[PDB]
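One-letter residues, chain by chain:
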Amino acid sequence: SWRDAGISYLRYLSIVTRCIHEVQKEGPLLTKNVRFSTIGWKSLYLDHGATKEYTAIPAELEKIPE
Amino acid sequence: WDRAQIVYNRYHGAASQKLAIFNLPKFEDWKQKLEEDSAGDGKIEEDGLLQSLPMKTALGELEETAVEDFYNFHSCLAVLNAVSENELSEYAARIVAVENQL
Amino acid sequence: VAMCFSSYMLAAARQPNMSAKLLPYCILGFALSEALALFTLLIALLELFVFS
Amino acid sequence: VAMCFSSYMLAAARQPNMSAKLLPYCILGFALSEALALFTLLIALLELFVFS
Amino acid sequence: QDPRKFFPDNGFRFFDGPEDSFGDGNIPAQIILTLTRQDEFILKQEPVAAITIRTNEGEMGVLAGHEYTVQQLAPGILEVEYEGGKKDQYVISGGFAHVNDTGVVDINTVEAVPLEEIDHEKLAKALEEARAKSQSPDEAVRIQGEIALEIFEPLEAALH
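Residues numbered from 1 in each chain as written, not as in the entry; some residues may be left out. Chains lettered and ligands numbered in written order. Part of a larger assembly, values for the part shown. Heavy atoms only, no water.

A few words on the environment of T34 of chain E. Residues and elements named next belong to chain E. Its place among the elements puts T34 in strand β2 (residues 31-36). A sequence separation of eleven residues divides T34 from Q45, and the C-alpha atoms of the two residues are 5.0 Å apart. Setting aside its immediate chain neighbours within four residues, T34 contacts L43, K44, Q45, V105, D106 and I107. (Helix = DSSP H or I, 4+ residues; strand = E, 2+ residues; numbered from the N terminus. Contact = heavy atoms within 4.5 Å.)

Here it is in structure tokens:
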């Protein structure tokens, strides 16, 4: 199962949460809850003077860190 | 890492946004301290701290992967509370640092 | 007999704090579970050495 | 016997740092169990080498 | 340099955890429940008569004075039963239940929504998607469909 595939317990929880957010009815509660599953964040690190993404740990849940 | 000090801003009130810390141990060290404190009797060594010897036994009843998940889950909740408190502290201190600008 | 002591180990592993309060009952069981064995041995030693 | 030793193993696996305090009780139960065998072994050797 | 101008507080100290008890000799009559999604509670120390949780080992049922046990929550339903005989079902996404001998329950989760906020029509669509995803030979999709089906099957069983 997903355990030896490498994804952690917390990504599994977040995926189950995303599924619960999918199924539930249209209403104010879904409007509050979609915020708690959507992916908007990033990582970044400073070069000598410029910004650069640290894309080794992805935000999307299907993927696996390396 | 052997210890993670998560710094954040605690919102005590609209005029009070103080500092706060979560000193997270390492997993292997946390497990060893859990065993060493589950063996001996329950005695608090610091005022305001709670005894949790039955918890530190029942977690011994819990399997290994579940204990790792326990650690990661609670550390995640700690980080989340830190982010939420700093969000609110930002939005509360910005008003003060804007009315003085005005 | 050893079921008793084994259980004491399991309990003291679960709750070491309680170990001191568990040791009496352990011994108590052993004081009697073994006694029956003696009452099973006594016959075998009372059957042979006195009956012709 | 083996129940006693198995329990010691599982207890130490549940609480290693208690392994020193549980090992005595183990031995105790062990020996006494073994002692019964010896008596059961005494008769079987007391019943042939002396009785006519 | 100023000698340590700052002296930050520990944030743990701003919470009020229960203190466990040995040998109290008194059994609680009704538990004190506390359910929490990501950060916010939905219930704060409510008197409750009974509660019923789901785990990987199986379904458990907790009453007052239940033994101290800490364990996972398998993703499924969660039944609360008040002293008035009514009930309240909540769907969850994992967590950890912390029971107390004195009678306290902290069910900390990532999500908590009542069944009343869920519709079978919208669920039926997700089912075949997760299933066919489990059929697709690919580690990226198979595990995701398996997890989605794992959360959906108890819902499809309970709504009926």
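So much for the structure itself; the text now carries on.
As a measure of interface size, the accessible area lost when the parts come together is often cited. Listed per partner, the contact involves four residues of chain A and five residues of chain B. Both faces considered, chain A and chain B share a buried interface measuring about 360 Å² in area, 74% of it formed by carbon and sulfur atoms. The largest per-residue losses of area from chain A upon contact with chain B belong to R3, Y9 and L10 of chain A, which jointly make up 87% of the total buried on that side. Taken together, the connections running from chain A to chain B amount to one salt bridge. Of the charged contacts, one joins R3 of chain A and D69 of chain B as a salt bridge, the two residues approaching to 3.3 Å between their closest N and O atoms. Counting every contact that joins chain A to chain B gives one residue pair in polar contact. Class assignment for the residues of the side of chain A that touches chain B results in three nonpolar, no polar and one charged. (Buried area = accessible area lost by both parts, 1.4 Å probe. Salt bridge = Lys/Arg side-chain N within 4 Å of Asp/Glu carboxyl O. Polar contact = N/O pair within 3.5 Å; in protein donor to acceptor, adjacent residues only side chain to side chain. Nonpolar A, V, L, I, M, F, W, Y, C, P; charged D, E, K, R; others polar.)

The next point concerns the pattern of salt bridges. If you walk through the whole model with that rule in mind, you get 17 salt bridges over all chains. In this structure, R54 of chain E engages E59 of chain E in a salt bridge whose closest nitrogen and oxygen atoms are separated by 3.1 Å. What makes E59 of chain E exposed here is its relative accessible area of 51%. Among the charged side chains, a salt-bridge network with shared partners connects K32 of chain A together with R37, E40 and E111 of chain E. (Buried < 20%, exposed > 50% of the residue type's maximum accessible area, 1.4 Å probe, protein only.)

Another point: the interface of chain A and chain E. Contacts between the two partners involve 26 residues from chain A and, on the opposite side, 31 residues from chain E. Here chain A packs against chain E, burying approximately 2400 Å² in sum over the two surfaces, 62% of which is carbon and sulfur. Summed over the three residues of chain A that lose the most area to chain E, namely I20, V23 and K25 of chain A, the buried surface amounts to 25% of that side. Between the two partners, chain A and chain E, sit two salt bridges. In this structure, the salt-bridge partner of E26 of chain A is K122 of chain E, at a minimum N-O distance of 2.8 Å. On the surface where chain A and chain E come into contact, there are twelve residue pairs in polar contact.

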